[PDB]
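As structure tokens, one chain now follows by itself in the form deposited without the ligand.
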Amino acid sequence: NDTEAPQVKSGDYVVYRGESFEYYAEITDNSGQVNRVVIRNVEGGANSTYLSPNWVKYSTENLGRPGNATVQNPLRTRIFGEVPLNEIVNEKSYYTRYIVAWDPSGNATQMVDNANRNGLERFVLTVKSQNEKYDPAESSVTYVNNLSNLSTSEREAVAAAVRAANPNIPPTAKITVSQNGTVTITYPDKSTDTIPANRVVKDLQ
């Protein structure tokens, strides 16, 4: 007499080359119980569990127990992995995937191929370049002798000030500064952010 499938809440799952990610989806059922969770590509029919890319992993604690999937304490599925440096992106790449859960009566969440289900049982995994994860602080001011001709010492000073203001940028990202004070941050995936000189340097001319 339970003919209602488990309901899923996911999110906007943005991930970044060279970075780990972790998201948690939430699942409830009217019976209070969920016995199985699969995350999958749309194709392949009812028995398919195929999911790509292969670096997308998931796990669900406490399956198959009474009351493991209620509104007050939803079942949670960890969706996680490590994005390779060699993923192809433009600004981004999209992968649309589905979370299917089963209750004890065998009712399974239905896959509906429509963007108006995104954030429920359907989610978009958006892969972005590494630069997009970081918003470099354009706080810091380095006084130089002449804004049109920074010395090596002045360029190193600017780079050190940018690093000190940005502890969360990847340690192995490379901060370089040109002879006019323009800052380039080159991330491990070789994408870049740039900071115009007038946000980091001044002179007294």
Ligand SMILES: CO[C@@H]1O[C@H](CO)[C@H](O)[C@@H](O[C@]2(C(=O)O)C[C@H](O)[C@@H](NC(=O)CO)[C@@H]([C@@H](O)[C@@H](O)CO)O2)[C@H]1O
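Residue numbers run from 1 along the displayed sequence.
The next section is about a form of this same protein that is not shown, the form deposited with the ligand bound.
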(request) Please name which of the stretches 86-94, 131-139, 102-110, 72-80 has residues with heavy atoms lying within 4.5 Å of the ligand in the bound PDB entry. (result) 86-94
(message) Taking the ligand as it sits in the bound PDB entry, is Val42 near enough to touch it, meaning that at least one heavy atom pair lies within 4.5 angstroms?
(response) yes
(message) Just checking whether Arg122 would be counted as a contact of the ligand in the bound PDB entry - the rule being heavy atoms within 4.5 angstroms.
(response) yes
(request) Examine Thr176 and determine whether its closest non-hydrogen atom to the ligand in the bound PDB entry is within 4.5 angstroms. (result) no
(message) Taking the ligand as it sits in the bound PDB entry, is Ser151 in contact with it (heavy atom to heavy atom, 4.5 Å or less)?
(response) no
(request) Would you mind picking the one in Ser59, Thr49, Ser52, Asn146 that has a heavy atom within 4.5 Å of the ligand in the bound PDB entry? (result) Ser52
